[PDB]
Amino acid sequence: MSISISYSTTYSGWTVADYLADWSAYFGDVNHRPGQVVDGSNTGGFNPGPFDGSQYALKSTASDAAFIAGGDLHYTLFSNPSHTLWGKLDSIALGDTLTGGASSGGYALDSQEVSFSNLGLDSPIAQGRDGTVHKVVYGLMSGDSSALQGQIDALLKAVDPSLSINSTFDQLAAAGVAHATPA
């Protein structure tokens, strides 16, 4: 199945690039970097976890923004290749106010703004930190949505070359890719 997008009507007239660049800035950078990793402050969590799951979720330390990565995901911690997120990335949900977790029937967003599903990304452990799944998610953690933008652009172009991250959500809805949700 092709990429499927869900968007709050708030973003009807925004391009996908407009939304993602502004979201990266609103979420900011959690500084999950050497000498700055703080368990429970800038690490996020897996469901079921601790280092594997169908979801990885992280709250901003700048705002109430949060994201949920969905698929079949694995983090290597100190194991070779160290600090690699790999596996299948099927979806990215962006918005505000993370709720739930493993004990609560899964992570959710109280204010889901935009979701991208059927991403079809599959990065093997052998690629380590060079894998697309790692670059997409570590980008979101660190205030840089360029890797996600590039993958969405390629998926949209493959549906029809008139579609791109410079398409508005309303243009993608007219093309049958995207679906409006309430504001």
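By rigid core we mean the largest C-alpha set that fits within 1.5 Å across both forms. Heads up: residue numbers just count along the shown sequence, starting at 1.
Discussion item. To spell it out: superpose each other structure in 5 other deposited structures of this protein onto this one by the rigid core, compute Cα RMS over structures and residues for 41 to 49 and for 147 to 155. Which is larger?
Written reply: Greater root mean square C-alpha distance in 5 other deposited structures of this protein: 41 to 49.
Worksheet item: Looking only at CA atoms, which has the higher mean B factor in the entry: 66 to 74 or 153 to 161?
Response: Mean B over CA atoms: larger for 153 to 161.
Worksheet item: Out of 85 to 93 and 101 to 109, which stretch has the higher average CA B-factor listed in the record?
Response: Taking the mean C-alpha B-factor of 85 to 93 and of 101 to 109, the larger value falls to 101 to 109.
Worksheet item: If you compare 28, 131, 45, 120, which has the highest Cα B-factor in the entry?
Response: Of 28, 131, 45, 120, 120 has the highest C-alpha B-factor.
Worksheet entry | Ranked against its chain, the third holding the CA B-factor of residue 18 | Tercile = middle for this residue's CA B-factor.
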